[PDB]
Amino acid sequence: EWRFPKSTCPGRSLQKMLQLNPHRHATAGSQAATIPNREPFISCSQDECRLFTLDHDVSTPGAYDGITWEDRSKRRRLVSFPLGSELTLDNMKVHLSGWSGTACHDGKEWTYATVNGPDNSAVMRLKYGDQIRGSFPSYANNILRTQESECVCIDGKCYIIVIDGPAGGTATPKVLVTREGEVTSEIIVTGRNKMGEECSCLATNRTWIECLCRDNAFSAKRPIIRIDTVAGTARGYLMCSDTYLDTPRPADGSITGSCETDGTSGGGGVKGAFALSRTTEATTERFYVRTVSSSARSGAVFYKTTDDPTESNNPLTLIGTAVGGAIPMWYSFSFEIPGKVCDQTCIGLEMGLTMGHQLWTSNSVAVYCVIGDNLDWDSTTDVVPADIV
C-alpha cells in the first residue's frame, strides 16, 4: 500500500546509470524542440521514475529562449518527463506553474508542489494526482521556496522542507507534513536552524529522514536536518566533516571551532546532495558530492563515510572525480528508487550549460547510484553553448 523505506540494495560506491543531454539536439541543422530548464531532479513511484525540472515555457531553438537564466517568473512551471525520455517538447508534461518545486510519490499518487506568486507574497500549492489539495502561503514574505529535489513520503504522509526569508541572512526552514497533498501539520526545526535552503532528503531508516541543505549566508558547512516522523520532530545540525561540501568554501579543515561553528566566510552556496546505504534500523554508509573547485561551480567529486556526519570532523573518504574540474557542475540532488525487494539511493548532477550572464541557460543531467565497489567513469557534456542555435 503506502511507500515506506526498505533496506537498500547492496552497494559500496557510486556508478553511472544514465545521462540526459537534450541540447545535444539543439545545434545547427537539428530538428528537435528541446526544453531548456534548471533545478532538475528525479522522483520515482513503484511504476516509473520521472525527471522533474523547472522550465521557462519555451523550447530551444526559439526566439524566446533568452529568458532561461531567470530564477523566478510567470513563465516557469514544474514539468516532468519519463526517466529516459529526452527533454523535448512532445515528451514534456506540465504539472504546476511556479518557480521552486518538489514532488514525491506516496505509493498511491504523486504529490507535486511549487511556489508561485510575487517574491513578497508567494504561495505554495500542492497537487495530489490531478487536484490542488494544499495551499501554504509565505510566512516571511521573502521568496517562499522549497527543495528543488524530491520530498519523502512514509506511511501515507509526505515531508517537504520549505524556507522563507532573506537568502543572505537568517531564514528559518519548516517541515510541512502533507496527506493527500493537504498540509496537515508544520514541524518546527529546532537546534541549528538559522538556514537550510534546497534540502536533499532521504530516509535513514524505517521512520527517520535526513536532509542535506545549503546555508546560503553563514557557513561552507552544509546544514543537516533530521526528521523523526513518528515523534513529529525535526532538528537542525551543521555537517561536521573537515571535507566541507558547499561552494565556495575555504580549505578543508580550516574552520576553527566546534562542529556547529560557522566559520568566517560562508556567503553564497549551491544545492548539494548525498546518497546512503541503510537497514531498516540505521544508515550504514553515506556518499557525498562536492565540486572540484572550492570557488566555482565546476566539477563533481564523490566521497563516502561511515561516520555520523553531525558528530565527526573526520575527512570524508575519496571515491573519485565524477565530473572533471573544467566542466560546469551546478546543483546536485538526492533521490531514491523504490523496489519490490530493496530500495536504492542515487545522486543526480546538473551539468550546467550557459552562454553567460543573463543569457541562455540550461543543463545536462547525469545520474549515479549506490552500487559496486568503485566509481566506473566520469561524465562530460560535449555541448558547446556557442553551438546552440
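Sequential numbering from 1, following the sequence displayed.
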Given the B-factors recorded for C-alpha atoms, which segment has the greater mean, 77-85 or 276-284? 276-284
Is the mean CA B factor in the deposited entry higher across 94-102 or across 174-182? 174-182
Comparing recorded Cα B-factors across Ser298, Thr111, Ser149, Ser312, which one is largest? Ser312
Among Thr291, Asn116, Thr256, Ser200, which residue carries the highest C-alpha B-factor recorded in the PDB entry? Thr256
Could you place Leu245 in the lowest, middle or highest third of its chain by Cα temperature factor, using the values in the record? lowest
Of the three thirds of its chain by CA temperature factor, lowest, middle or highest, which one includes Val383? lowest
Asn374 - Cα temperature factor, lowest/middle/highest third of chain: highest
Going by what the PDB entry lists, where does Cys9 fall on CA B-factor within its chain: lowest, middle or highest third? highest
Split the chain's modelled residues into thirds by Cα B-factor; is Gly269 in the lowest, middle or highest one? middle
